[PDB]
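Chemist: Got a structure for you, questions after.
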Amino acid sequence: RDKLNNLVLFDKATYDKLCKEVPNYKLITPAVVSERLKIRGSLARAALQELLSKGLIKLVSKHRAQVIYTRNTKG
Amino acid sequence: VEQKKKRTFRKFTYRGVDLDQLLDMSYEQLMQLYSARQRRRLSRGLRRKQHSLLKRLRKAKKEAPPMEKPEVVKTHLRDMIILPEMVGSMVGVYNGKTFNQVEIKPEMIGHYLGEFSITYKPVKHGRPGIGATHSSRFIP
Amino acid sequence: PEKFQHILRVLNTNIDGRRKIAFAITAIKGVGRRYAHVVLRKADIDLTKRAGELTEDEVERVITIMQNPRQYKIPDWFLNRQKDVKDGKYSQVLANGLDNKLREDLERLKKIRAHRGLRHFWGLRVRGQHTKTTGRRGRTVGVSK
RNA sequence: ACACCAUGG
RNA sequence: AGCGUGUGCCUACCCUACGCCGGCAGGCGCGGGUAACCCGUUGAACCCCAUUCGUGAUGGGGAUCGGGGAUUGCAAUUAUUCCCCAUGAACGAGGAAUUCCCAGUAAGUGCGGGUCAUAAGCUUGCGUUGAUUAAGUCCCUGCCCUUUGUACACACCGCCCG
RNA sequence: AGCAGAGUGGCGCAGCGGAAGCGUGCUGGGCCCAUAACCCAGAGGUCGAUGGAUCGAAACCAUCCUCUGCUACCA
Ligand SMILES: [Mg+2]
Ligand SMILES: [Mg+2]
Ligand SMILES: [Mg+2]
Ligand SMILES: [Mg+2]
Ligand SMILES: [Mg+2]
Ligand SMILES: [Mg+2]
Ligand SMILES: [Mg+2]
Ligand SMILES: [Mg+2]
Ligand SMILES: [Mg+2]
Ligand SMILES: [Mg+2]
Ligand SMILES: [Mg+2]
Ligand SMILES: [Mg+2]
Ligand SMILES: [Mg+2]
Ligand SMILES: [Mg+2]
């Protein structure tokens, strides 16, 4: 056991990294954003939904268990 | 009462009333203060010939000379609802072989008689015997 | 988003600011989680903001509800202490009122040496459990002499 | 193409 | 869904619909059933779909303990059972060893019978979602048949030498 | 009194600065129809005491104490 540090709401650096991580990924799930950033996970969900409301990402499958996104359906 | 507050001029009661007003209450007005079990035991509570305990407990708090105590009514009735009238008395409760005396305090209210006279000696252990461990068994 | 102070020291205990407010205030004794949801509901507070997102005036609105529940219309069957044995009141003992009320209750029991008082004294099991093969704290004994 | 295997109210 | 049980011959109790009251356990009222006729089209759990939590002994886990409210009974204290608020322990896949199992089987999951005034962490049955691995061998623990050796026959847990 | 060696788990001991274990014993369990042998868990520590160096020691340095072997054997 260790201390997996995580934030519940963003700091400006992390908010920049979110609005710039979109193209970098071809797999956008709450888990991967919660691990590559220091995000609680209930925060990664809200942030991903916020981005999706901006058309910045494309939802490829949502389930009660697991959610996924994609890059831009481009390129 | 034997302390600064418990049913005193300074504030402590039973359920919000004084022992003096409790002796001025009837079983019906009184059972609304008792907890659920004693309420059921009085609601259902014809108390058929448990009344000998109540009588003999009086008629013995009366013959008591002033500034003294009554001697010992002694009984097998271990499940008797302690009522505000039984207070101050001197009772011997059957253990299973002895009668153990119990002076009644006001704080004993609503508890049971048998709850003050335990049926066994508390254990303290000897040394383990020849069968105590799975290793211990062997004699030539 | 919302980068102001989070941790708050509600009466005598450190309520962490991160957890959801419902599961945040449960760090108070005497206040489980089923009671907390009722307190927050009667306080009109949103139930999707952490402890860090409440200003200094809502928290008093919540405290005064936790302390005086009977009057904010939280029924008399939620309160953990009922017809209190010494004076007939109904209330939630909160933080050290819980410790003292347990202490006073055990003293009350031992004083007239009820069968439960002696069990609390001797340090045994107070309800009706068998004790032959349970609890079992002490050290092993050997048959050797 | 062979390690160690004693004893019995 | 499937197997079932249901007014009791002394004995003295049965399964419950539907209305109303109460947060809950429960209470009152008024019908059906001696049963493919009524409970009952037995609206079972896991599963299925959607929301909150986020690797933290945490909302995992639910021991121990305080206070209160009902039902059974002649009687509930050493708390019968049941409900509510509160308290929130060990436990982060378990050493040497060792148990059961081959297809609707192992396991997960709930439901009836028995005991039963009240009442399963038991047992006896029932369905429900439903795998991985084998089609073998005599190695281990044992079993059956033949040949062979014995100083054993209370029979190798035997007998016996200094 | 002197020299040399040692002082660590009940007992024998290992431990060339990044710091507590080994053999045996004790308590308990495993294996077997039993018992010994054999297998595993647990408890048990002022690392002789006192100061100092070192970023840090049981270990290095200084003083003292306690055991063992050998000579000295000393009004
Ligand atoms: Mg043998
Ligand atoms: Mg011998
Ligand atoms: Mg011999
Ligand atoms: Mg019983
Ligand atoms: Mg069953
Ligand atoms: Mg029954
Ligand atoms: Mg049953
Ligand atoms: Mg049985
Ligand atoms: Mg054969
Ligand atoms: Mg022959
Ligand atoms: Mg022969
Ligand atoms: Mg012979
Ligand atoms: Mg013989
Ligand atoms: Mg032999």
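Residue numbering restarts at 1 for every chain of the structure tokens, chains are lettered A, B, ... in their displayed order, and ligands are numbered from 1 as they appear.
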Which residues in region 50-131 of chain B does DSSP call helix (DSSP H, G or I)? List them as JSON, numbers by chain.
Modeler: {"B": [51, 52, 53, 54, 55, 56, 57, 106, 107, 108, 114, 115, 116]}
Chemist: Could you please extract the residues within 10 Å of ligand 6, counting only C-alpha atoms (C1' of nucleotides) and all ligand atoms, and hand them back as a list in words?
Modeler: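 Checked against 10 Å with only C-alpha atoms (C1' of nucleotides) and all ligand atoms; the hits are residues 14, 115, 116, 118 and 119 of chain E.
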Chemist: In Å, how far is it from CA of residue 12 (chain B) to CA of residue 86 (chain C)?
Modeler: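 CA of residue 86 (chain C) lies 5.7 Å from CA of residue 12 (chain B).
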Chemist: Please report as a ChimeraX atom specification which residues of chain C come no farther than 12 Å from chain A, using only C-alpha atoms.
Modeler: /C:1-4,6,17-20,48-53
Chemist: Output N, CA, C and O atoms for every residue in that selection, as an mmCIF file, in the first residue's frame.
Modeler:
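And here is the file that came out, selection-v7.cif:
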data_model
loop_
_atom_site.group_PDB
_atom_site.id
_atom_site.type_symbol
_atom_site.label_atom_id
_atom_site.label_comp_id
_atom_site.auth_asym_id
_atom_site.auth_seq_id
_atom_site.Cartn_x
_atom_site.Cartn_y
_atom_site.Cartn_z
ATOM 1 N N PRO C 1 -11.010 24.886 -11.461
ATOM 2 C CA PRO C 1 -12.331 24.971 -10.844
ATOM 3 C C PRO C 1 -12.302 24.958 -9.320
ATOM 4 O O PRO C 1 -11.893 23.977 -8.708
ATOM 5 N N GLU C 2 -12.733 26.071 -8.728
ATOM 6 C CA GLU C 2 -13.007 26.186 -7.296
ATOM 7 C C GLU C 2 -11.773 25.831 -6.463
ATOM 8 O O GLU C 2 -11.685 24.779 -5.830
ATOM 9 N N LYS C 3 -10.806 26.734 -6.505
ATOM 10 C CA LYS C 3 -9.525 26.524 -5.845
ATOM 11 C C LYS C 3 -9.395 27.322 -4.550
ATOM 12 O O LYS C 3 -8.346 27.902 -4.263
ATOM 13 N N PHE C 4 -10.462 27.373 -3.759
ATOM 14 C CA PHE C 4 -10.395 27.916 -2.410
ATOM 15 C C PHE C 4 -10.429 26.796 -1.371
ATOM 16 O O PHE C 4 -10.598 25.617 -1.694
ATOM 17 N N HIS C 6 -10.523 24.009 1.550
ATOM 18 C CA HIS C 6 -11.302 22.781 1.581
ATOM 19 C C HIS C 6 -11.529 22.248 2.985
ATOM 20 O O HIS C 6 -12.677 21.996 3.362
ATOM 21 N N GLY C 17 -11.956 17.994 3.852
ATOM 22 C CA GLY C 17 -12.710 18.760 2.887
ATOM 23 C C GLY C 17 -12.935 18.090 1.557
ATOM 24 O O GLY C 17 -13.712 18.601 0.747
ATOM 25 N N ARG C 18 -12.287 16.956 1.312
ATOM 26 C CA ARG C 18 -12.302 16.390 -0.028
ATOM 27 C C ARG C 18 -13.568 15.594 -0.301
ATOM 28 O O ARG C 18 -14.167 15.725 -1.373
ATOM 29 N N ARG C 19 -13.980 14.762 0.644
ATOM 30 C CA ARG C 19 -15.060 13.822 0.413
ATOM 31 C C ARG C 19 -16.375 14.552 0.165
ATOM 32 O O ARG C 19 -16.544 15.710 0.536
ATOM 33 N N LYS C 20 -17.313 13.859 -0.479
ATOM 34 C CA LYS C 20 -18.649 14.413 -0.659
ATOM 35 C C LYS C 20 -19.255 14.757 0.691
ATOM 36 O O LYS C 20 -19.053 14.047 1.678
ATOM 37 N N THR C 48 -24.180 17.288 -4.281
ATOM 38 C CA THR C 48 -23.156 17.004 -5.278
ATOM 39 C C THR C 48 -21.993 17.980 -5.166
ATOM 40 O O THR C 48 -21.345 18.293 -6.164
ATOM 41 N N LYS C 49 -21.734 18.496 -3.973
ATOM 42 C CA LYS C 49 -20.580 19.350 -3.751
ATOM 43 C C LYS C 49 -19.817 18.862 -2.537
ATOM 44 O O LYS C 49 -20.413 18.523 -1.514
ATOM 45 N N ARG C 50 -18.495 18.841 -2.655
ATOM 46 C CA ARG C 50 -17.653 18.323 -1.596
ATOM 47 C C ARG C 50 -17.678 19.273 -0.410
ATOM 48 O O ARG C 50 -18.342 20.309 -0.421
ATOM 49 N N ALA C 51 -16.940 18.917 0.636
ATOM 50 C CA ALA C 51 -16.885 19.791 1.796
ATOM 51 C C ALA C 51 -16.151 21.086 1.498
ATOM 52 O O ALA C 51 -16.392 22.090 2.171
ATOM 53 N N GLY C 52 -15.278 21.097 0.500
ATOM 54 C CA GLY C 52 -14.572 22.318 0.186
ATOM 55 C C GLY C 52 -15.403 23.393 -0.470
ATOM 56 O O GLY C 52 -15.001 24.559 -0.453
ATOM 57 N N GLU C 53 -16.554 23.040 -1.033
ATOM 58 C CA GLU C 53 -17.360 23.973 -1.804
ATOM 59 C C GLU C 53 -18.507 24.572 -1.009
ATOM 60 O O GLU C 53 -19.495 25.006 -1.603
#
Chemist: Hey, what's within 12 Å of region 46-55 of chain F if we count only C-alpha atoms (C1' of nucleotides) and toss same-chain stuff fewer than 6 positions away? As a list in words, please?
Modeler: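 Listing them by chain and then by number gives residues 6, 7, 8, 9, 15, 17, 18, 19, 20, 61, 62, 63, 64, 65, 66 and 67 of chain F.
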Chemist: Can you tell me, as an NGL selection string, what residues are no more than 12 Å from region 57-70 of chain A when counting only C-alpha atoms (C1' of nucleotides), ignoring any on the same chain fewer than 3 positions away?
Modeler: (:A and (18-33 or 44-45 or 47-54 or 73-75)) or (:E and (48-51))
Chemist: I need the residues from that last selection saved to file as a PDB file, in the first residue's frame (with C-alpha atoms (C1' of nucleotides)), if you can.
Modeler:
ATOM      1  CA  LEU A  18      -6.767  18.388 -20.344  1.00  0.00           C
ATOM      2  CA  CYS A  19      -7.688  20.790 -23.125  1.00  0.00           C
ATOM      3  CA  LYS A  20      -4.471  19.754 -24.885  1.00  0.00           C
ATOM      4  CA  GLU A  21      -4.501  15.965 -24.350  1.00  0.00           C
ATOM      5  CA  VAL A  22      -7.418  15.353 -26.746  1.00  0.00           C
ATOM      6  CA  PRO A  23      -5.404  14.623 -29.924  1.00  0.00           C
ATOM      7  CA  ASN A  24      -2.625  12.803 -28.065  1.00  0.00           C
ATOM      8  CA  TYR A  25      -4.969   9.895 -27.358  1.00  0.00           C
ATOM      9  CA  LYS A  26      -6.659   7.284 -29.476  1.00  0.00           C
ATOM     10  CA  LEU A  27      -8.148   5.717 -26.325  1.00  0.00           C
ATOM     11  CA  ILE A  28      -9.955   8.031 -23.914  1.00  0.00           C
ATOM     12  CA  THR A  29     -11.407   6.223 -20.917  1.00  0.00           C
ATOM     13  CA  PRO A  30     -11.914   7.584 -17.397  1.00  0.00           C
ATOM     14  CA  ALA A  31      -9.314   5.153 -16.084  1.00  0.00           C
ATOM     15  CA  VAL A  32      -6.468   6.160 -18.389  1.00  0.00           C
ATOM     16  CA  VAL A  33      -7.002   9.855 -17.768  1.00  0.00           C
ATOM     17  CA  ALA A  44     -12.076  12.445 -14.820  1.00  0.00           C
ATOM     18  CA  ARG A  45     -15.648  11.458 -15.622  1.00  0.00           C
ATOM     19  CA  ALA A  47     -14.055  16.457 -17.256  1.00  0.00           C
ATOM     20  CA  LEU A  48     -14.518  13.965 -20.084  1.00  0.00           C
ATOM     21  CA  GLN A  49     -18.239  14.704 -20.226  1.00  0.00           C
ATOM     22  CA  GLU A  50     -17.429  18.418 -20.336  1.00  0.00           C
ATOM     23  CA  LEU A  51     -15.073  17.911 -23.266  1.00  0.00           C
ATOM     24  CA  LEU A  52     -17.641  15.741 -25.048  1.00  0.00           C
ATOM     25  CA  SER A  53     -20.109  18.592 -24.693  1.00  0.00           C
ATOM     26  CA  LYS A  54     -17.576  20.598 -26.739  1.00  0.00           C
ATOM     27  CA  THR A  73     -12.915  10.361 -35.983  1.00  0.00           C
ATOM     28  CA  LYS A  74     -10.400  12.112 -38.261  1.00  0.00           C
ATOM     29  CA  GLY A  75      -6.894  11.574 -39.599  1.00  0.00           C
TER      30      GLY A  75
ATOM     31  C1'   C E  48     -30.087  -7.652 -16.893  1.00  0.00           C
ATOM     32  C1'   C E  49     -30.230  -2.031 -17.687  1.00  0.00           C
ATOM     33  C1'   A E  50     -29.069   3.202 -15.815  1.00  0.00           C
ATOM     34  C1'   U E  51     -26.742   6.646 -11.300  1.00  0.00           C
TER      35        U E  51
END
Chemist: Kindly provide, as a ChimeraX atom specification, all nucleotide and amino acid residues lying within 9 Å of ligand 13, counting only C-alpha atoms (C1' of nucleotides) and all ligand atoms.
Modeler: /D:8 /E:154,158-159
Chemist: How would the residues just chosen look if you wrote them out with C-alpha atoms (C1' of nucleotides) as a PDB file, in the first residue's frame?
Modeler:
ATOM      1  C1'   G D   8       4.061 -51.675  20.096  1.00  0.00           C
TER       2        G D   8
ATOM      3  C1'   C E 154      -4.689 -62.392  19.636  1.00  0.00           C
ATOM      4  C1'   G E 158       2.797 -60.468  14.781  1.00  0.00           C
ATOM      5  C1'   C E 159       7.245 -62.600  16.602  1.00  0.00           C
TER       6        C E 159
END
Chemist: So what do you get for CA of residue 120 (chain C) versus CA of residue 115 (chain B), distance-wise?
Modeler: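 These atoms are spaced 14.1 Å apart.
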Chemist: Could you tell me how far CA of residue 54 (chain B) lies from CA of residue 84 (chain B), in Å and to one decimal?
Modeler: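 CA of residue 84 (chain B) lies at a distance of 11.2 Å from CA of residue 54 (chain B).
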Chemist: Using only C-alpha atoms (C1' of nucleotides) and all ligand atoms, which residues of the polymer chains come no farther than 12 Å from ligand 10? I'd like the answer as number ranges by chain.
Modeler: E: 146-150
Chemist: Near region 24-31 of chain C, counting only C-alpha atoms (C1' of nucleotides), which residues have an atom at most 8 Å away, once you skip same-chain residues fewer than 4 positions from it, shown as a count of residues only?
Modeler: 20
